[PDB]
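K.L.:
Here it is: the structure, laid out below.
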Amino acid sequence: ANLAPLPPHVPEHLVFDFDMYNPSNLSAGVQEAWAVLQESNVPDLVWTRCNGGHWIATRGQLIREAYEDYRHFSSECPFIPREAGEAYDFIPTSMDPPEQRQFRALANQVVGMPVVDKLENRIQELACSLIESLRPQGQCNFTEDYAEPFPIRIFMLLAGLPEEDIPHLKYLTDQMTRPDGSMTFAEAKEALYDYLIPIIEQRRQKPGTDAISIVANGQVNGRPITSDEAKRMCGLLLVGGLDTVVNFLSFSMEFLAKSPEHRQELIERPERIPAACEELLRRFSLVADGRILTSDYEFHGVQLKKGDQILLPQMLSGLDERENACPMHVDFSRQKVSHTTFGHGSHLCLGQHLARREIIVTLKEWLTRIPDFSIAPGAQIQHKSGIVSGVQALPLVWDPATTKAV
Ligand code: HEM
Ligand SMILES: CC1(C)[C@@H]2CC[C@@]1(C)C(=O)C2
Ligand SMILES: [K+]
């Protein structure tokens with residue numbers, strides 16, 4: 001690990017060199033690896049010298065606070081490392097209130113609740129189709145066989161982009177959240193923009209009903225959105241569509257593959273599925289971005305300097321034992337599932353309704369046709385960490401004789 005020189009204003013007792021891109025205890029699971037930050041030996045707000053050096057709030061209370069106080073904690077540079085957060089210019093995520101407001105409203109028009117209600121039939125259709133297709137095989141590589149195609153095809157459908165462009169696009173979005181060293185954030189971002197530019201141009205000329213057309217021809221601040229602003233909002237839609245639900249689905253199915261009574265519980269009481277979805281969202285939270293200090297500020301006894309970056313792991317809030325008792329235990333009956341999995345503050349996830357729909361549909365439709373399954377014998381499941389964490393591969397196996405078509 002390459003630790004950056006401790007800045008003079010950071011007390012040595014607050015140092016804890018956690019690498020968000022390669023946590024030390026990753027072998028135990030990614031959420032577990034991040035949960036080490038919540039052990040008794042770690043202060044509530046620490047400084048890691050990894051990835052250029054930055055703060056990390058480890059408690060739900062501080063994460064919520066920082067997310068609410070955009071005045072001190074700006075989204076202008078929300079990604080670690082520094083180079084990534086600076087090149088990051090997505091709309092509305094790189095803006096603080098009140099600017100983000102008009103732009104957030106437009107994005108909502110395209111991925112909001114009404115749109116989800118409108119596409120529910122296609123969502124239901126694809127889920128059933130993909131699963132019925134896998135059902136008689138008795139095995140599947142969940143990440144590539146379902147986790148990826150289900151949410152991504154729905155997104156490409158919503159955006160009016162050919163499914164043929166998925167491989168190319170997914171490689172680029174993944175470079176921004178889980179860098180493999182092949183390219184800088186800026187380069188992955190530019191390439192993604194190169195893809196969108198002609199499409200936006202074209203859809204501004206001849207408007208459609210797809211998400212890209214709606215955004216490109218939308219109104220913000222009483223005037224027409226610019227091509228640049230359109231490109232920046234669409235870049236974000238792509239990332240959210242291709243690299244969020246995709247990863248989350250695999251953590252959930254990995255858990256279900258190892259939990260027969262949890263499976264059977266949803267099978268008998270499908271009305272519990274929405275709660276189970278919420279609990280899985282808490283237990284398998286997977287996003288971690290942050291903010292930048294707009295000025296010198298003392299936060300909970302810690303002196304933060306202007307320009308200091310602070311990671312505010314959305315993932316940690318619900319795993320915080322102060323927020324949920326026995327945080328690592330999955331309990332579908334939890335009277336209160338506290339979490340910030342979809343974020344907190346003015347930038348609360350707009351695609352959260354689409355995400356829950358996809359999750360709930362997956363849970364019901366999978367358990368219906370394939371009620372009994374397990375991880376392939378031998379298989380060693382590996383997780384990966386970054387702005388969005390995921391599962392490398394998820395080999396599942398089952399006896400076709402136990403499955404049932406609908
Ligand atoms: C399990 C799935 C998902 C998770 C965990 C997730 C998480 C998040 C988080 C934590 C934020 C706030 C980031 C910040 O405050 O800087 C966010 C923002 C947002 N999400 Fe999601 N998201 C998910 C799926 C989606 C989907 C399906 C889309 C749709 C393409 C998407 C689009 C958005 C948008 C537009 C914003 C920005 C809102 C704003 O800046 O005002 N997300 N998401
Ligand atoms: C942090 C996010 C999950 C949120 C939607 C996709 C993502 C990586 C962003 O850039 C904003
Ligand atoms: K920036």
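Here's how to read the names in the structure tokens: chain A, B, ... by the order shown, residue numbers from 1 in each chain, ligand numbers from 1 in the order shown.
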If you count only C-alpha atoms, which residues fall within 7 Å of residue A:23, apart from same-chain ones fewer than 4 positions away, as an mmCIF file with C-alpha atoms, in the first residue's frame?

P.N.:
```
data_model
loop_
_atom_site.group_PDB
_atom_site.id
_atom_site.type_symbol
_atom_site.label_atom_id
_atom_site.label_comp_id
_atom_site.auth_asym_id
_atom_site.auth_seq_id
_atom_site.Cartn_x
_atom_site.Cartn_y
_atom_site.Cartn_z
ATOM 1 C CA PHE A 18 -8.341 1.673 5.196
ATOM 2 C CA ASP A 19 -8.124 1.153 1.390
ATOM 3 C CA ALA A 33 -14.282 -5.862 5.337
ATOM 4 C CA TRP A 34 -15.777 -2.377 5.633
#
```

K.L.:
Show me, as a compact mmCIF listing (two decimals) with N, CA and C atoms, in the first residue's frame, the residues that have an atom within 12 Å of stretch 322-327 of chain A when counting only C-alpha atoms, minus same-chain residues fewer than 6 positions from it.

P.N.:
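around-v9.txt, written as the output of this step:
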```
# COMPACT_ATOMS: atom_id res chain seq x y z
N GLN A 31 -18.88 -6.27 2.84
CA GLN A 31 -19.52 -5.52 3.93
C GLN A 31 -18.73 -5.78 5.23
N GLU A 32 -18.29 -7.01 5.44
CA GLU A 32 -17.52 -7.39 6.64
C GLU A 32 -16.18 -6.65 6.65
N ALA A 35 -16.86 -3.21 7.65
CA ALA A 35 -17.30 -3.17 9.04
C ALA A 35 -16.15 -3.12 10.07
N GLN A 38 -15.76 -0.17 12.07
CA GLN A 38 -16.69 0.08 13.15
C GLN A 38 -16.33 -0.71 14.41
N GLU A 39 -15.11 -1.23 14.44
CA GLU A 39 -14.67 -1.95 15.62
C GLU A 39 -14.30 -0.94 16.74
N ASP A 44 -14.74 7.40 15.53
CA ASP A 44 -15.88 7.65 14.64
C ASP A 44 -15.53 8.35 13.34
N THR A 58 -17.30 6.87 10.09
CA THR A 58 -17.62 5.44 10.28
C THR A 58 -18.99 5.13 10.90
N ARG A 59 -19.67 6.17 11.35
CA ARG A 59 -20.96 6.02 12.01
C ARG A 59 -22.13 6.62 11.24
N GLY A 60 -23.27 5.95 11.31
CA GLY A 60 -24.48 6.41 10.64
C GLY A 60 -24.82 7.85 10.96
N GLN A 61 -24.68 8.22 12.23
CA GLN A 61 -24.97 9.57 12.69
C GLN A 61 -24.17 10.64 11.97
N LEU A 62 -22.87 10.42 11.82
CA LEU A 62 -21.99 11.38 11.16
C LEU A 62 -22.23 11.40 9.64
N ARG A 64 -25.05 10.76 8.04
CA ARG A 64 -26.29 11.46 7.79
C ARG A 64 -26.09 12.96 7.93
N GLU A 279 -34.42 -5.12 4.07
CA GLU A 279 -33.41 -5.69 4.95
C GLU A 279 -32.17 -6.11 4.18
N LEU A 280 -32.35 -6.65 2.98
CA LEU A 280 -31.22 -7.06 2.16
C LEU A 280 -30.47 -5.82 1.70
N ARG A 282 -30.17 -3.14 3.37
CA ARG A 282 -29.39 -2.68 4.53
C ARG A 282 -28.15 -3.57 4.70
N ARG A 283 -28.37 -4.87 4.88
CA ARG A 283 -27.28 -5.82 5.08
C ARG A 283 -26.27 -5.87 3.95
N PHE A 284 -26.74 -5.75 2.72
CA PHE A 284 -25.83 -5.82 1.59
C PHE A 284 -25.65 -4.49 0.87
N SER A 285 -25.69 -3.40 1.64
CA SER A 285 -25.49 -2.06 1.11
C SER A 285 -24.13 -2.12 0.38
N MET A 315 -22.88 2.66 2.72
CA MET A 315 -22.86 1.26 3.15
C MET A 315 -22.82 1.07 4.68
N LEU A 316 -22.05 1.92 5.36
CA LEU A 316 -21.87 1.79 6.80
C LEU A 316 -23.01 2.15 7.75
N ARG A 334 -37.26 -7.44 11.16
CA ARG A 334 -36.68 -6.29 11.87
C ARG A 334 -37.74 -5.18 11.91
N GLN A 335 -38.13 -4.73 13.11
CA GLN A 335 -39.17 -3.70 13.20
C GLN A 335 -38.79 -2.38 12.54
N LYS A 336 -37.49 -2.13 12.40
CA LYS A 336 -36.99 -0.91 11.78
C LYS A 336 -35.67 -1.19 11.10
N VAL A 337 -35.70 -1.12 9.78
CA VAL A 337 -34.52 -1.32 8.95
C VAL A 337 -33.94 0.07 8.65
N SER A 338 -32.98 0.50 9.46
CA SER A 338 -32.34 1.80 9.30
C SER A 338 -31.16 1.66 8.35
N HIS A 339 -31.06 2.54 7.36
CA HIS A 339 -29.97 2.50 6.39
C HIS A 339 -29.95 3.76 5.53
N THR A 340 -28.85 3.95 4.81
CA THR A 340 -28.71 5.07 3.88
C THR A 340 -28.17 4.46 2.59
```

K.L.:
Pick from A:311, A:238, A:3, A:212: nearest to residue A:80, with only C-alpha atoms counted?

P.N.:
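Once distances to residue A:80 are computed over only C-alpha atoms, the minimum belongs to A:311.
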
K.L.:
Stretch 323-367 of chain A: which residues are alpha helix (DSSP H) by DSSP, as a list in words?

P.N.:
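Taking stretch 323-367 of chain A and keeping alpha helix (DSSP H) gives residues 352, 353, 354, 355, 356, 357, 358, 359, 360, 361, 362, 363, 364, 365, 366 and 367 of chain A.
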
K.L.:
Let me have all residues with an atom within 12 Å of ligand 3, counting only C-alpha atoms and all ligand atoms, laid out as a ChimeraX atom specification.

P.N.:
/A:74-96,185-186,189,232,290-292
